[PDB]
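Everything below concerns the one structure shown next.
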Amino acid sequence: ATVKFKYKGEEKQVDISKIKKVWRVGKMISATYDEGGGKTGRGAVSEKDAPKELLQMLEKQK
């Protein structure tokens with residue numbers, strides 16, 4: 001289950017491997033992915049497009 005953003009225009013799907021990590025604060029949750037060196041792509045994931053795997057293992061569970 002991959003973190004796919006993209007509400008109105010742009011096509012490209014973002015994979016769950018390349019991730020800079022925020023995923024907590026408030027109503028607007030900032031989408032951060034490592035592109036190459038250090039140039040991060042800003043976006044939005046509120047509640048409907050967010051996957052199951054990020055909620056259960058946040059935080060690695062044995």
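How things are named: the first chain in the structure tokens is A, the next is B, and so on; residues count from 1 in each chain; ligands count from 1 in the order shown.
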
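Selecting alpha helix (DSSP H) from the backbone DSSP output for chain A yields residues 52, 53, 54, 55 and 56 of chain A.
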
Write the residues of the selection above to a file with C-alpha atoms, as a short mmCIF file (atom, residue, chain, number, x, y, z; two decimals), in the first residue's frame.
data_model
loop_
_atom_site.label_atom_id
_atom_site.label_comp_id
_atom_site.auth_asym_id
_atom_site.auth_seq_id
_atom_site.Cartn_x
_atom_site.Cartn_y
_atom_site.Cartn_z
CA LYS A 52 -3.14 0.93 6.65
CA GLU A 53 0.65 0.04 7.18
CA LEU A 54 1.83 3.55 8.47
CA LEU A 55 -0.88 3.46 11.32
CA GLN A 56 -0.07 -0.12 12.71
#

query: Any idea what's packed within 8 Å of residue 13 in chain A, counting only C-alpha atoms, ignoring anything in its chain fewer than 3 positions away? Could you give it as a list in words?
result: residues 3, 4, 5 and 6 of chain A

What lies within 12 Å of residue 36 in chain A using only C-alpha atoms, ignoring chain neighbours under 4 positions off, as a PDB file with N, CA and C atoms, in the first residue's frame?
ATOM      1  N   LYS A  18      10.814   5.691  -0.605  1.00  0.00           N
ATOM      2  CA  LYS A  18      11.518   7.004  -0.560  1.00  0.00           C
ATOM      3  C   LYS A  18      10.689   8.021   0.266  1.00  0.00           C
ATOM      4  N   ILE A  19      11.109   8.247   1.525  1.00  0.00           N
ATOM      5  CA  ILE A  19      10.277   8.934   2.553  1.00  0.00           C
ATOM      6  C   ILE A  19      11.262   9.722   3.474  1.00  0.00           C
ATOM      7  N   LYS A  20      11.100  11.060   3.550  1.00  0.00           N
ATOM      8  CA  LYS A  20      11.756  11.897   4.603  1.00  0.00           C
ATOM      9  C   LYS A  20      11.080  11.920   6.016  1.00  0.00           C
ATOM     10  N   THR A  40      13.137  18.080  -1.328  1.00  0.00           N
ATOM     11  CA  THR A  40      11.917  17.383  -0.836  1.00  0.00           C
ATOM     12  C   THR A  40      10.649  17.924  -1.547  1.00  0.00           C
ATOM     13  N   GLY A  41       9.781  16.996  -1.985  1.00  0.00           N
ATOM     14  CA  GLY A  41       8.509  17.347  -2.648  1.00  0.00           C
ATOM     15  C   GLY A  41       7.362  17.520  -1.636  1.00  0.00           C
TER      16      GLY A  41
END

task: Rank nothing, just name the residue among A:58, A:39, A:9, A:2 nearest to residue 22 in chain A, using only C-alpha atoms.
output: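 Counting only C-alpha atoms, the residue closest to residue 22 in chain A is A:58.
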
task: Would you please work out which residue, of A:16, A:59, A:7, A:1, is nearest to residue 44 in chain A when using only C-alpha atoms?
output: A:7

task: Could you give me, as a PyMOL selection string, the residues within 7 Å of range 28-30 of chain A, counting only C-alpha atoms and dropping anything in the same chain fewer than 4 positions from it?
output: chain A and resi 22-24+42-46

Write a file of the selected residues as an mmCIF file, in the first residue's frame, keeping C-alpha atoms.
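In the end it all went to again-v3.cif:
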data_model
loop_
_atom_site.group_PDB
_atom_site.id
_atom_site.type_symbol
_atom_site.label_atom_id
_atom_site.label_comp_id
_atom_site.auth_asym_id
_atom_site.auth_seq_id
_atom_site.Cartn_x
_atom_site.Cartn_y
_atom_site.Cartn_z
ATOM 1 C CA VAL A 22 6.744 13.860 9.184
ATOM 2 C CA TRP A 23 3.271 12.049 9.419
ATOM 3 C CA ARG A 24 1.778 13.503 12.747
ATOM 4 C CA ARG A 42 5.841 19.126 -0.484
ATOM 5 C CA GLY A 43 2.200 17.811 -0.606
ATOM 6 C CA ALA A 44 -1.046 16.923 1.259
ATOM 7 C CA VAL A 45 -2.614 13.666 2.651
ATOM 8 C CA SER A 46 -5.547 14.369 5.101
#

field: Which residue of A:10, A:57, A:38, A:47 approaches residue 26 in chain A most closely, using only C-alpha atoms
entry: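 Counting only C-alpha atoms, the residue closest to residue 26 in chain A is A:47.
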
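Near residue 21 in chain A, within a cut-off of 8 Å and counting only C-alpha atoms, sit the residues residues 31, 32 and 33 of chain A, with same-chain residues fewer than 5 positions away left out.
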